[PDB]
């Protein structure tokens, strides 16, 4: 009897209909001449990797896999689905059935067939597969990542790895817009050199391979001219640039106005509409144009319930078919409650797109953002149909947060941030998952102390125990059971971090090594802090002064190190104990 393994995203409808079976060492593959070319390739790679040959001639003693779209006429597929259908599902949806030695995948479309294979890939462990009936489809139609942060852009290998990762987690969107790419912004008029164009072609190809919509962004708002011959020429620079990417296979475009001095709302929107008509519509196979206005968070967009000048004019002018993005109530913010999306969706008379600034850390680079999607309302799909996160300049560790973004945007109403966070680490880290949880748990909250605040609080259960300890002490209750419990946690933090330093692969380790060192330091300082509490209780001056110096030494190291972690928990505990 075989269990349903960790899946991501959570499929909408899944039932276990049997004990499971082992897939034979050779399979009958059926329907692959007509089935989506990218789905079949994904399936082929997986089979090759897990040592499963494909039969050349049908063999009834071996597992049979049937794959295809609704719109392929393949009856042997409908037979194996057994009354289950993908016909009535939304675009990108699929049906999957494994029972009695047969696996059937039917996509609503090709995107759907590819995603069906991704779920198949997740269900198989050591050749064993549960027997299940699945119908599955996304809540949000556009799901993915906007590479739009400041600082060192992702590398070519970073992006290729990310794209394979998106496909595997059913994220279908990747927006290329790095602030510090000179040709994206600072020098938006200039053509990419030939070798950079070759790297582009590679990313486009890989995107198509993984069903990801590569969105080419451009940010001309610094110095674009709007009127007369200059406006013509500048407009034609957008066309030329977008054309050269179209000609390599790009079918999505974004034009961004964020973080600029010029606030000509009407002219911004006019550029959009013109590009929408002379480019997006003319081409006819190009997806809806994406944008961000110069006012892009509720605070900057709205004043006493009514839109500000720029926003009101921009909403009035911008074409209805154009996707408009906003960051929520602030630039980096705790929540997007339903009522915020309702307000903004109302001003724009449309479904909105989110540019969610988590896990991005360009505003506070000492900390890793390693928590789940948090504070985003689970009914958000009522006003939002396009969801993307802005990641860190650290591609590898961004995967933890993105994993949870895949789940939240695919199956929104079922989303449980703690379960999704745990699953992300479990799926990504393997043997090291438990220890990574211990570390990452202290690194989920982003707070620059002023305008930027978001994410699940740092290790809340520990903070609760710490708070509880100060209560037991100031009301002189017997604290000794909690003190042993707490020595264990501090020991554990140190044990786990030492294990990660020793065993994490380079690709993860070179992103978090300074923060590991930081949490070990703080754990050691928490330990001395308890020694301080215990020695004060035991009226032992020798032990108290010795522990105190050690506690201050650890805090001094953390205060002056670039790495920042557990500010309000592991760090604060030491500060609290020195009073």
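Positions refer to the first chain, counted from 1.
Just going by the entry, 285-293 versus 457-465 on mean CA temperature factor gives the higher value to 457-465. If you average the C-alpha B-factors over 332-340 and over 167-175, the higher value belongs to 332-340. The PDB entry gives the largest Cα B-factor of the residues 83, 116, 153, 505 to 83. Among 72, 435, 147, 158, the highest C-alpha B-factor recorded in the PDB entry belongs to 72.
Sort the modelled residues of the chain by CA B factor and residue 54 lands in the highest third.
When all modelled residues of the chain are sorted by CA temperature factor, residue 23 is found within the highest third. Ranked by Cα temperature factor within the chain, residue 62 sits in the highest third according to the deposited record.
Ranked within its chain, residue 226 lands in the highest third, by CA B factor from the PDB record. In the PDB entry, residue 407 places in the lowest third of its chain by CA B-factor.
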